[PDB]
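There is one chain below, alone, in structure tokens, taken in the form deposited in one PDB entry.
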């Protein structure tokens, strides 16, 4: 029931009607079940990000609990910070840190990044993923859209709307959750899975950064999933010279067998991440800067 869901959600969100201390909502994104707005904290003038989920439009409701609960009080340099969560009418509102730099999707679909830039993104995501995996947090939506940047190029992991929590007692999830093109093969095959699905999704995002799009992106999503399930681990098709470290790096991420796929803590030591540039190397790629 809808009101049954709204009632349970009211117990886990913060109390209050946040429309009191926020105004000047500017819509900047749409996710098919919700939107995302820039808002102004009326008491300080600072800008925050506010995402509003239409409760009536959630295929499966438990996911909204995951994000608001798992992310409350979470602090990491490479993770977008959630300030508060509120139930407003038929919408869940998440008030979070606003990243003015926007998504990595805008960079990857317009220009090809150099290895120093790709290494910098990988390092930021892997640092966030290693801390999250250690606490049992599975992101389940790693892609370019889930990467947000500051104006000076700092990488922050975003969109924990599909995240989940595993423990020593229940160490695996089984929900069919994620974006079809970045989904791990064990997940598409409807097997139980753990944090290793994020490592595969990261490997697909490397292909994004090199090739501009994930494999099979021209195909409909259900077609891409059948192909991920049955085909061999993609390697870069963007056949412009790639360094051997990047080649060896991707070979540790895009492993069909999750038990053989490298973990986040293992990849933090990989030679490819030595290529990582400073956050400033991301800056020229952003739309506000790349045409000057």
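Residues that one form lacks are left out of the comparison. Definition used throughout: the rigid core is the maximal C-alpha set that superposes within 1.5 Å between two forms. Residue numbers count along the first chain shown, from 1.
- When the mean C-alpha temperature factors of 236 to 244 and 40 to 48 are read from the deposited coordinates, 236 to 244 comes out higher.
- Here 51 to 59 and 255 to 263 are compared by their mean Cα B-factor, and 51 to 59 comes out higher.
- Per the PDB record, 71 has a higher Cα B-factor than any other of 184, 125, 71, 132.
- Comparing the listed residues 100, 198, 145, 208, the entry records the largest Cα B-factor for 100.
- Residue-level temperature factors show residue 174 in the highest third of its chain, judged at the C-alpha atom.
- Ranked by Cα temperature factor within the chain, residue 215 sits in the middle third according to the deposited record.
- Split the chain's modelled residues into thirds by C-alpha temperature factor. Residue 192 is in the highest one.
- Residue 96 sits in the lowest third of its chain by CA B factor, as recorded in the PDB entry.
- In the PDB entry, residue 151 places in the middle third of its chain by CA B-factor.
Keep in mind the form deposited in another entry is missing from the figure; the text below concerns it.
- Core-superposed comparison between the shown form and the other one: among 264, 70, 246, 255, the single residue whose C-alpha moves by 2 Å or more is 70.
- The gap between the Cα atoms of residue 71 and residue 140 is larger in the other form, by no less than 3 Å, than in this form.
- The pair residue 71 and residue 188 is looser in the other form: their Cα-Cα distance rises by no less than 3 Å compared with this form.
- In sequence order, 69 to 74, 239 to 241 are the runs of at least 3 consecutive residues whose Cα positions differ by 2 Å or more between the shown form and the other one once the rigid core is superposed.
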